[PDB]
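*Asks:* Hey, dropping final.csv in here, CSV, C-alpha atoms and all ligand atoms:
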```
chain,number,residue,atom,x,y,z
A,1,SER,CA,16.8,-14.3,0.8
A,2,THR,CA,14.7,-17.1,2.3
A,3,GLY,CA,14.0,-18.7,5.7
A,4,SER,CA,12.8,-22.2,6.8
A,5,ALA,CA,12.0,-23.3,10.3
A,6,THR,CA,10.5,-26.5,11.8
A,7,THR,CA,7.3,-26.1,13.8
A,8,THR,CA,6.4,-28.7,16.5
A,9,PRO,CA,3.1,-29.5,18.2
A,10,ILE,CA,3.2,-28.6,21.9
A,11,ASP,CA,1.2,-31.6,23.1
A,12,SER,CA,-0.3,-34.9,21.9
A,13,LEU,CA,-3.5,-33.1,20.7
A,14,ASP,CA,-1.8,-30.5,18.4
A,15,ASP,CA,-3.3,-27.8,20.6
A,16,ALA,CA,-0.7,-25.3,19.3
A,17,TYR,CA,2.6,-25.3,17.4
A,18,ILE,CA,5.9,-23.6,18.5
A,19,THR,CA,8.7,-22.5,16.2
A,20,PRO,CA,12.2,-21.5,17.5
A,21,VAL,CA,13.0,-17.8,16.9
A,22,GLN,CA,16.4,-16.1,17.5
A,23,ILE,CA,16.1,-12.6,19.2
A,24,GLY,CA,18.9,-10.2,20.0
A,25,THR,CA,22.7,-10.3,19.9
A,26,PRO,CA,24.0,-12.7,21.0
A,27,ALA,CA,21.0,-14.8,20.0
A,28,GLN,CA,18.3,-15.6,22.6
A,29,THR,CA,16.2,-18.5,21.3
A,30,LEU,CA,12.5,-18.5,22.2
A,31,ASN,CA,9.8,-20.9,21.0
A,32,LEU,CA,7.0,-18.7,19.6
A,33,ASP,CA,3.5,-19.5,18.4
A,34,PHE,CA,3.2,-18.3,14.8
A,35,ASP,CA,-0.2,-16.7,14.6
A,36,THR,CA,-1.7,-15.6,11.2
A,37,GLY,CA,-4.7,-14.2,13.2
A,38,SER,CA,-2.8,-11.4,15.0
A,39,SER,CA,-0.1,-8.9,14.3
A,40,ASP,CA,2.0,-8.5,17.4
A,41,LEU,CA,5.4,-10.1,18.2
A,42,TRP,CA,5.4,-10.3,22.0
A,43,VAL,CA,7.5,-12.4,24.3
A,44,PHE,CA,7.8,-13.3,28.0
A,45,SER,CA,10.7,-11.2,29.3
A,46,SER,CA,12.7,-10.2,32.3
A,47,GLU,CA,10.1,-7.4,32.8
A,48,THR,CA,7.2,-9.9,33.2
A,49,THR,CA,5.6,-10.1,36.7
A,50,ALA,CA,7.5,-13.0,38.2
A,51,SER,CA,4.3,-14.6,39.5
A,52,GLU,CA,3.0,-14.8,36.0
A,53,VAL,CA,6.0,-16.7,34.6
A,54,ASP,CA,6.0,-20.5,35.1
A,55,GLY,CA,8.7,-22.3,33.1
A,56,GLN,CA,8.8,-20.0,30.0
A,57,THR,CA,12.0,-18.9,28.5
A,58,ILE,CA,12.3,-15.1,28.9
A,59,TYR,CA,13.8,-12.5,26.6
A,60,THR,CA,16.3,-10.3,28.5
A,61,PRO,CA,16.8,-7.0,26.5
A,62,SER,CA,19.6,-5.9,28.9
A,63,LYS,CA,21.7,-8.8,27.6
A,64,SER,CA,21.2,-8.0,23.9
A,65,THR,CA,23.7,-5.4,22.4
A,66,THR,CA,21.2,-4.6,19.6
A,67,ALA,CA,18.2,-4.0,21.8
A,68,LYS,CA,16.8,-0.4,21.9
A,69,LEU,CA,13.9,0.7,24.0
A,70,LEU,CA,11.2,2.3,21.9
A,71,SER,CA,10.6,5.4,24.0
A,72,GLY,CA,7.0,5.8,25.2
A,73,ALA,CA,5.6,2.9,23.2
A,74,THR,CA,3.2,0.5,24.9
A,75,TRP,CA,1.0,-2.4,23.7
A,76,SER,CA,-2.1,-4.2,24.9
A,77,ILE,CA,-3.8,-7.0,23.1
A,78,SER,CA,-6.9,-9.2,23.8
A,79,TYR,CA,-7.5,-12.4,21.9
A,80,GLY,CA,-10.9,-13.9,20.9
A,81,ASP,CA,-10.6,-16.6,23.6
A,82,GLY,CA,-10.3,-14.0,26.3
A,83,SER,CA,-6.5,-14.1,26.6
A,84,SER,CA,-4.6,-10.8,27.0
A,85,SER,CA,-1.1,-9.4,27.6
A,86,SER,CA,0.5,-5.9,27.6
A,87,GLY,CA,3.8,-4.2,28.2
A,88,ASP,CA,6.5,-2.0,26.5
A,89,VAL,CA,8.3,-2.2,23.2
A,90,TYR,CA,11.9,-2.8,22.2
A,91,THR,CA,13.5,-3.0,18.7
A,92,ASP,CA,16.0,-5.8,18.1
A,93,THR,CA,17.3,-8.2,15.6
A,94,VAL,CA,15.0,-11.2,14.9
A,95,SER,CA,15.9,-14.3,12.9
A,96,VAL,CA,13.6,-17.1,11.8
A,97,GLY,CA,15.3,-20.2,10.2
A,98,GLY,CA,18.2,-18.1,8.7
A,99,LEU,CA,16.0,-15.1,7.7
A,100,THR,CA,17.1,-12.0,9.6
A,101,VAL,CA,15.3,-8.7,10.2
A,102,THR,CA,16.9,-5.8,11.9
A,103,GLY,CA,14.9,-3.2,13.9
A,104,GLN,CA,12.0,-5.5,14.5
A,105,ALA,CA,9.6,-4.4,17.2
A,106,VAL,CA,9.8,-6.9,20.0
A,107,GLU,CA,6.9,-6.3,22.5
A,108,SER,CA,8.0,-7.2,26.0
A,109,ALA,CA,5.2,-8.5,28.3
A,110,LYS,CA,4.8,-6.9,31.7
A,111,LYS,CA,1.5,-8.7,32.3
A,112,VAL,CA,0.0,-11.8,30.8
A,113,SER,CA,-3.3,-13.6,31.3
A,114,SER,CA,-3.5,-16.9,33.2
A,115,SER,CA,-3.9,-19.0,30.0
A,116,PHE,CA,-0.4,-17.9,28.9
A,117,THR,CA,1.2,-18.5,32.3
A,118,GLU,CA,-0.2,-22.0,32.4
A,119,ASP,CA,1.2,-22.8,28.9
A,120,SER,CA,4.8,-23.4,29.9
A,121,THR,CA,5.8,-24.4,26.3
A,122,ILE,CA,4.9,-21.1,24.5
A,123,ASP,CA,7.4,-18.2,25.1
A,124,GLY,CA,5.4,-15.8,23.0
A,125,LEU,CA,3.5,-15.1,19.8
A,126,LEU,CA,4.7,-14.0,16.3
A,127,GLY,CA,1.8,-12.3,14.5
A,128,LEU,CA,1.5,-12.8,10.8
A,129,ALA,CA,-1.8,-11.1,9.9
A,130,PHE,CA,-1.7,-7.6,8.3
A,131,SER,CA,0.1,-4.8,10.1
A,132,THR,CA,-3.1,-2.7,10.5
A,133,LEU,CA,-4.0,-4.9,13.5
A,134,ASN,CA,-0.7,-4.2,15.4
A,135,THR,CA,-1.5,-2.8,18.9
A,136,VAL,CA,1.6,-0.7,19.5
A,137,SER,CA,0.7,2.9,20.6
A,138,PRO,CA,1.2,5.7,19.7
A,139,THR,CA,3.2,4.5,16.7
A,140,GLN,CA,1.9,1.3,15.0
A,141,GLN,CA,4.6,-1.3,14.2
A,142,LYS,CA,5.1,-3.7,11.3
A,143,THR,CA,5.0,-7.5,11.5
A,144,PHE,CA,8.1,-9.7,10.9
A,145,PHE,CA,6.7,-10.7,7.5
A,146,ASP,CA,6.1,-7.0,6.5
A,147,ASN,CA,9.7,-6.1,7.5
A,148,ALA,CA,11.1,-9.0,5.6
A,149,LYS,CA,9.0,-8.6,2.5
A,150,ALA,CA,11.4,-6.5,0.5
A,151,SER,CA,14.4,-8.9,1.0
A,152,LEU,CA,12.4,-12.1,0.3
A,153,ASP,CA,12.9,-13.8,-3.0
A,154,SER,CA,9.1,-14.0,-3.3
A,155,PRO,CA,6.7,-12.1,-0.9
A,156,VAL,CA,5.2,-15.3,0.4
A,157,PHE,CA,5.3,-17.6,3.4
A,158,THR,CA,3.9,-21.1,3.6
A,159,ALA,CA,2.4,-23.2,6.4
A,160,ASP,CA,2.8,-26.9,6.4
A,161,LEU,CA,1.5,-28.1,9.8
A,162,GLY,CA,1.8,-31.7,10.7
A,163,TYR,CA,-0.8,-34.1,12.2
A,164,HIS,CA,0.8,-35.3,15.5
A,165,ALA,CA,4.1,-34.5,13.9
A,166,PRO,CA,6.5,-31.7,13.1
A,167,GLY,CA,5.9,-29.3,10.2
A,168,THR,CA,7.5,-26.4,8.4
A,169,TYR,CA,7.1,-22.6,8.0
A,170,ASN,CA,8.9,-21.3,4.9
A,171,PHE,CA,9.6,-17.7,4.1
A,172,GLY,CA,10.3,-16.4,0.6
A,173,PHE,CA,9.8,-19.6,-1.5
A,174,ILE,CA,7.4,-22.3,-2.3
A,175,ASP,CA,8.6,-25.9,-1.8
A,176,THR,CA,7.2,-27.7,-4.8
A,177,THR,CA,8.1,-31.1,-3.2
A,178,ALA,CA,5.9,-30.5,-0.1
A,179,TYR,CA,2.5,-30.9,-1.8
A,180,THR,CA,0.7,-33.0,-4.4
A,181,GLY,CA,-1.2,-31.7,-7.5
A,182,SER,CA,-1.7,-28.0,-8.1
A,183,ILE,CA,-2.1,-25.1,-5.7
A,184,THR,CA,-5.5,-23.4,-6.0
A,185,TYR,CA,-5.4,-19.7,-5.2
A,186,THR,CA,-8.3,-17.7,-3.9
A,187,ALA,CA,-8.9,-14.0,-3.2
A,188,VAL,CA,-8.2,-12.4,0.1
A,189,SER,CA,-9.9,-9.4,1.8
A,190,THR,CA,-7.7,-7.4,4.1
A,191,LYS,CA,-10.5,-5.0,5.2
A,192,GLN,CA,-10.5,-6.5,8.7
A,193,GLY,CA,-6.7,-7.1,8.9
A,194,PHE,CA,-7.0,-10.9,8.6
A,195,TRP,CA,-6.2,-13.4,5.9
A,196,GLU,CA,-9.9,-13.5,5.0
A,197,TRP,CA,-11.2,-15.6,2.2
A,198,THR,CA,-14.4,-17.3,1.0
A,199,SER,CA,-14.8,-21.1,0.9
A,200,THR,CA,-17.0,-22.4,-1.8
A,201,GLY,CA,-18.8,-25.1,0.2
A,202,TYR,CA,-18.5,-28.3,2.2
A,203,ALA,CA,-19.2,-32.0,2.4
A,204,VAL,CA,-19.6,-34.4,5.3
A,205,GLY,CA,-18.0,-37.8,4.9
A,206,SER,CA,-19.0,-39.3,1.5
A,207,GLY,CA,-22.0,-37.1,1.2
A,208,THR,CA,-23.0,-34.6,-1.5
A,209,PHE,CA,-21.0,-31.4,-1.7
A,210,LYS,CA,-23.0,-28.4,-0.7
A,211,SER,CA,-22.1,-25.3,-2.7
A,212,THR,CA,-22.4,-22.3,-0.3
A,213,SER,CA,-20.2,-19.3,0.4
A,214,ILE,CA,-18.4,-19.5,3.8
A,215,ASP,CA,-16.5,-16.4,4.7
A,216,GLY,CA,-13.7,-17.0,7.2
A,217,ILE,CA,-10.1,-16.4,8.2
A,218,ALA,CA,-7.0,-18.6,7.9
A,219,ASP,CA,-5.7,-18.6,11.4
A,220,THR,CA,-2.7,-20.7,12.4
A,221,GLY,CA,-3.2,-19.4,16.0
A,222,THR,CA,-6.5,-21.0,16.6
A,223,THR,CA,-6.7,-24.8,17.3
A,224,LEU,CA,-10.2,-25.8,16.1
A,225,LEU,CA,-12.4,-25.2,13.0
A,226,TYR,CA,-15.3,-22.8,13.8
A,227,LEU,CA,-18.1,-22.8,11.2
A,228,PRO,CA,-21.7,-21.7,11.0
A,229,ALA,CA,-24.2,-23.5,13.1
A,230,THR,CA,-26.0,-25.0,10.1
A,231,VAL,CA,-22.8,-26.6,8.8
A,232,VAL,CA,-21.6,-27.8,12.3
A,233,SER,CA,-25.1,-29.3,13.0
A,234,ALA,CA,-25.0,-31.2,9.7
A,235,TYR,CA,-21.5,-32.7,10.6
A,236,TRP,CA,-22.3,-33.9,14.1
A,237,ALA,CA,-25.7,-35.3,13.0
A,238,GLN,CA,-23.6,-38.1,11.3
A,239,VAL,CA,-21.9,-39.1,14.6
A,240,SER,CA,-24.0,-41.4,16.7
A,241,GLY,CA,-24.5,-40.0,20.2
A,242,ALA,CA,-22.9,-36.6,19.5
A,243,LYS,CA,-24.6,-33.6,21.1
A,244,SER,CA,-24.0,-30.0,22.0
A,245,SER,CA,-23.1,-29.7,25.7
A,246,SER,CA,-23.6,-26.3,27.4
A,247,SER,CA,-21.6,-27.4,30.4
A,248,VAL,CA,-18.6,-28.4,28.2
A,249,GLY,CA,-19.1,-25.5,25.8
A,250,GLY,CA,-19.5,-27.3,22.5
A,251,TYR,CA,-20.1,-30.6,20.6
A,252,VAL,CA,-19.0,-33.8,22.3
A,253,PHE,CA,-19.1,-37.3,21.0
A,254,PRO,CA,-18.7,-40.8,22.5
A,255,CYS,CA,-15.0,-41.6,22.3
A,256,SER,CA,-15.7,-45.0,20.8
A,257,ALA,CA,-17.2,-43.4,17.7
A,258,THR,CA,-15.5,-43.2,14.3
A,259,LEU,CA,-15.6,-39.7,12.9
A,260,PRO,CA,-16.4,-38.9,9.3
A,261,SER,CA,-14.1,-36.7,7.2
A,262,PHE,CA,-14.9,-33.1,6.4
A,263,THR,CA,-14.4,-31.5,3.0
A,264,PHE,CA,-14.2,-27.8,2.3
A,265,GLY,CA,-14.1,-26.0,-1.0
A,266,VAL,CA,-11.3,-23.8,-2.4
A,267,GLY,CA,-12.6,-22.5,-5.7
A,268,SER,CA,-13.2,-25.7,-7.7
A,269,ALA,CA,-10.7,-27.7,-5.5
A,270,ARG,CA,-11.5,-29.8,-2.4
A,271,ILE,CA,-9.5,-30.1,0.8
A,272,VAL,CA,-10.4,-33.3,2.8
A,273,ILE,CA,-9.9,-33.3,6.6
A,274,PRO,CA,-9.6,-36.9,7.8
A,275,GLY,CA,-12.0,-37.7,10.6
A,276,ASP,CA,-9.1,-38.5,13.0
A,277,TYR,CA,-8.1,-34.9,12.8
A,278,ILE,CA,-11.4,-33.9,14.4
A,279,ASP,CA,-10.9,-36.0,17.6
A,280,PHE,CA,-9.6,-33.9,20.5
A,281,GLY,CA,-9.8,-36.6,23.1
A,282,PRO,CA,-11.6,-37.0,26.4
A,283,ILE,CA,-13.1,-33.8,27.9
A,284,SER,CA,-11.6,-34.8,31.3
A,285,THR,CA,-9.1,-37.6,32.3
A,286,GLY,CA,-10.8,-40.9,32.2
A,287,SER,CA,-14.0,-39.6,30.5
A,288,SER,CA,-15.7,-41.5,27.7
A,289,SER,CA,-16.9,-38.3,26.2
A,290,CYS,CA,-14.6,-36.7,23.7
A,291,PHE,CA,-14.3,-33.1,22.4
A,292,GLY,CA,-15.0,-32.3,18.8
A,293,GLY,CA,-12.6,-30.4,16.5
A,294,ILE,CA,-15.4,-28.7,14.6
A,295,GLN,CA,-17.5,-26.2,16.6
A,296,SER,CA,-20.0,-23.4,16.0
A,297,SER,CA,-18.9,-19.9,15.2
A,298,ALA,CA,-22.2,-18.4,16.3
A,299,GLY,CA,-20.8,-17.0,19.6
A,300,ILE,CA,-17.6,-15.7,17.9
A,301,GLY,CA,-19.0,-13.6,15.1
A,302,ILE,CA,-16.5,-14.9,12.4
A,303,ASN,CA,-15.7,-18.3,10.9
A,304,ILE,CA,-12.2,-19.5,11.6
A,305,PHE,CA,-10.2,-22.1,9.6
A,306,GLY,CA,-7.9,-23.0,12.4
A,307,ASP,CA,-5.2,-25.7,12.7
A,308,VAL,CA,-7.7,-28.5,12.2
A,309,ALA,CA,-8.3,-27.3,8.7
A,310,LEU,CA,-4.9,-25.9,7.8
A,311,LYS,CA,-2.9,-29.0,8.8
A,312,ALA,CA,-4.8,-31.0,6.1
A,313,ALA,CA,-3.3,-28.8,3.4
A,314,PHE,CA,-0.2,-27.0,2.2
A,315,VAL,CA,-1.1,-23.3,2.6
A,316,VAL,CA,0.5,-20.4,0.7
A,317,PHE,CA,0.1,-16.9,2.2
A,318,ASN,CA,0.9,-14.7,-0.8
A,319,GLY,CA,1.7,-11.2,0.5
A,320,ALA,CA,1.8,-9.5,-3.0
A,321,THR,CA,0.2,-6.1,-3.5
A,322,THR,CA,-3.0,-8.0,-4.2
A,323,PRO,CA,-2.8,-10.8,-1.5
A,324,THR,CA,-4.0,-14.3,-2.2
A,325,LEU,CA,-4.2,-17.6,-0.3
A,326,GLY,CA,-3.2,-20.9,-1.9
A,327,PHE,CA,-4.3,-24.4,-0.9
A,328,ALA,CA,-2.9,-27.7,-2.0
A,329,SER,CA,-3.4,-31.3,-0.9
A,330,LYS,CA,-0.4,-33.0,0.6
B,401,LIG,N1,-5.4,-16.1,16.4
B,401,LIG,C1,-5.6,-14.8,16.7
B,401,LIG,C2,-7.2,-14.5,16.7
B,401,LIG,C3,-7.9,-14.6,17.9
B,401,LIG,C4,-9.3,-14.3,17.8
B,401,LIG,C5,-9.9,-14.0,16.6
B,401,LIG,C6,-11.4,-13.8,16.6
B,401,LIG,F1,-12.0,-14.6,17.4
B,401,LIG,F2,-11.6,-12.5,16.9
B,401,LIG,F3,-11.8,-14.0,15.3
B,401,LIG,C7,-9.1,-13.9,15.5
B,401,LIG,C8,-7.8,-14.2,15.5
B,402,LIG,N1,-5.3,-17.2,19.0
B,402,LIG,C1,-4.1,-16.6,19.7
B,402,LIG,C2,-3.8,-17.4,20.9
B,402,LIG,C3,-2.8,-18.4,20.9
B,402,LIG,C4,-2.6,-19.2,22.0
B,402,LIG,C5,-3.3,-19.0,23.2
B,402,LIG,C6,-3.0,-19.8,24.4
B,402,LIG,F1,-3.4,-21.1,24.2
B,402,LIG,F2,-1.6,-19.8,24.6
B,402,LIG,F3,-3.6,-19.3,25.5
B,402,LIG,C7,-4.3,-18.0,23.2
B,402,LIG,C8,-4.6,-17.2,22.1
```
Show how you would write the structure in this file as structure tokens.
Ligand SMILES: NCc1ccc(C(F)(F)F)cc1
Ligand SMILES: NCc1ccc(C(F)(F)F)cc1
*Replies:*
Amino acid sequence: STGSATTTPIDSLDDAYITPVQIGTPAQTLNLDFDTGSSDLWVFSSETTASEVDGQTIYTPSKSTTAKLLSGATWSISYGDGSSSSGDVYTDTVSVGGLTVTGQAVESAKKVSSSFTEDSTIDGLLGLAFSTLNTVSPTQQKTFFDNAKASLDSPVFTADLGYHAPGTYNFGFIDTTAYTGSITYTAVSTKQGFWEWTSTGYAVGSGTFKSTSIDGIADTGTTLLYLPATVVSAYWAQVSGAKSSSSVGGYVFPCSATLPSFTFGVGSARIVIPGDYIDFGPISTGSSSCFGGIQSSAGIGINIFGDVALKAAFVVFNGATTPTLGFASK
């Protein structure tokens, strides 16, 4: 079997992408943030503290005839940006774009951090990293992808994120009409539970390509591109007036500047990120300082190929017994 679902940016800056997911019987449709950087499927629910819900669509297990409480199971997660949530666990039927999994662990939030409450358009997250990172205790739970793997035509899913436009998540098949050229595959390390790979180098604008190994994770759940300080300094040095601002928390640039493209290596292939993708707009309403889409990973401890990089490519997440990542131009 296969599944295919449209994913849509939540705002004009592509800060995140939401994808409709059907949960329960009869179906309750929630718009979830597909996150290859985490491994929990959690949702706003009828159990969430009412003061922490502001416009989100909630999952109501009491209205689903297939929902079963997972006795004694709890979950608690903290994200690298300081976000967090926690609650109890149900199992239920979950469908994504025609692909159905029965007995999927649906983690019901009792408490969410303020950043989720203020994001009215995200009803929850659907984790797509490896199941070793799932936070359910005392019995760890499998991701949607892991539960679907056996029934998929091919044990893959693909991410085709749009720039200021809708995109597609496909499960079980590779749409050979969605990309140009060939797909370049590269090795994945699962030792930390992430889709972790090694980029072969970078170039700024039309400059010389610098061959150098950059270890990082492919993370649809992170907006920006977080790279080592040396790389990020070399990029912003080519933007007149750009500087690192401690008060803002990263590199900013005059909104009137034109940004150079950024190229990253995948084996012998090259993925080019257009300069317009790196513009994240004024730091505050009316400001003439704009926030940059490429920032330093020095404070994070790991390099993150977030949406800024992934939306420049067609990305294959190959969940075979030896997992690999595929990149193609589009
Ligand atoms: N998108 C989930 C996520 C959040 C944080 C991290 C970090 F910062 F720990 F690397 C990885 C993945
Ligand atoms: N990387 C996972 C993640 C995704 C979204 C959010 C936000 F923006 F909703 F708070 C936080 C953390």
*Asks:* Within 7 Å of ligand LIG 402 (chain B), counting all atoms listed in the file, which protein or nucleic acid residues do you find, written as a list in words?
*Replies:*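 Result of the 7 Å neighbour search around ligand LIG 402 (chain B): residues 16, 33, 35, 37, 79, 80, 81, 83, 115, 116, 119, 122, 221 and 222 of chain A.
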*Asks:* Using CA of residue 170 (chain A) and CA of residue 4 (chain A) as the two end points, give the distance in Å to one decimal.
*Replies:*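 Value for the CA of residue 170 (chain A)-CA of residue 4 (chain A) distance: 4.4 Å.
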*Asks:* Using all atoms listed in the file for the distances, tell me which of A:238, A:284, A:208, A:184 is nearest to residue 326 (chain A).
*Replies:*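 Residue with the minimum atom-to-atom distance to residue 326 (chain A): A:184.
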*Asks:* Could you check the closest approach to residue 315 (chain A) for each of A:50, A:159, A:41, A:269 and tell me which residue wins, using all atoms listed in the file?
*Replies:*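 Distance minimum relative to residue 315 (chain A) lands on A:159.
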*Asks:* Could you state the separation of CA of residue 82 (chain A) and CA of residue 299 (chain A) in Å, given to one decimal place?
*Replies:*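 Between these atoms lies a distance of 12.8 Å.
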*Asks:* Please compute the CA of residue 166 (chain A)-CA of residue 114 (chain A) distance, one decimal, in Å.
*Replies:*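 Result for CA of residue 166 (chain A) versus CA of residue 114 (chain A): 26.9 Å, one decimal.
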*Asks:* Show me which residues sit within 10 Å of ligand LIG 401 (chain B) when counting only C-alpha atoms and all ligand atoms, and put them as a PyMOL selection string.
*Replies:* chain A and resi 33-40+78-83+125+127-129+193-195+216-223+226+297+299-304+306
*Asks:* Using all atoms listed in the file, what does the table of region 94-157 of chain A residues within 10 Å of region 25-29 of chain A look like, with each row giving the shortest atom pair and its distance in Å to one decimal, sorted by chain and ascending number, as a Markdown table?
*Replies:*
```
| residue | atom | partner | partner_atom | distance |
| --- | --- | --- | --- | --- |
| A:94 | CA | A:27 | CA | 8.7 |
| A:95 | CA | A:27 | CA | 8.8 |
| A:96 | CA | A:29 | CA | 9.9 |
| A:123 | CA | A:29 | CA | 9.6 |
```
*Asks:* Residues around (0.2, -6.6, 23.2), cut-off 9 Å, counting only C-alpha atoms - what are they as a VMD selection string?
*Replies:* chain A and resid 40 to 42 74 to 78 84 to 88 107 to 109 134 to 136
*Asks:* Using only C-alpha atoms, which residue out of A:120, A:156, A:72, A:62 lies closest to residue 137 (chain A)?
*Replies:* A:72
*Asks:* Please write as a PDB file with C-alpha atoms, in the coordinates of the input the list of polymer residues whose atoms come within 12 Å of (-8.0, -39.1, 25.5), counting only C-alpha atoms and keeping to the coordinates of the file.
*Replies:*
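Output (part.pdb):
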```pdb
ATOM      1  CA  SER A  12      -0.300 -34.900  21.900  1.00  0.00           C
ATOM      2  CA  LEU A  13      -3.500 -33.100  20.700  1.00  0.00           C
ATOM      3  CA  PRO A 254     -18.700 -40.800  22.500  1.00  0.00           C
ATOM      4  CA  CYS A 255     -15.000 -41.600  22.300  1.00  0.00           C
ATOM      5  CA  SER A 256     -15.700 -45.000  20.800  1.00  0.00           C
ATOM      6  CA  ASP A 279     -10.900 -36.000  17.600  1.00  0.00           C
ATOM      7  CA  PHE A 280      -9.600 -33.900  20.500  1.00  0.00           C
ATOM      8  CA  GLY A 281      -9.800 -36.600  23.100  1.00  0.00           C
ATOM      9  CA  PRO A 282     -11.600 -37.000  26.400  1.00  0.00           C
ATOM     10  CA  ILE A 283     -13.100 -33.800  27.900  1.00  0.00           C
ATOM     11  CA  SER A 284     -11.600 -34.800  31.300  1.00  0.00           C
ATOM     12  CA  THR A 285      -9.100 -37.600  32.300  1.00  0.00           C
ATOM     13  CA  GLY A 286     -10.800 -40.900  32.200  1.00  0.00           C
ATOM     14  CA  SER A 287     -14.000 -39.600  30.500  1.00  0.00           C
ATOM     15  CA  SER A 288     -15.700 -41.500  27.700  1.00  0.00           C
ATOM     16  CA  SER A 289     -16.900 -38.300  26.200  1.00  0.00           C
ATOM     17  CA  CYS A 290     -14.600 -36.700  23.700  1.00  0.00           C
ATOM     18  CA  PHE A 291     -14.300 -33.100  22.400  1.00  0.00           C
ATOM     19  CA  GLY A 292     -15.000 -32.300  18.800  1.00  0.00           C
TER      20      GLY A 292
END
```
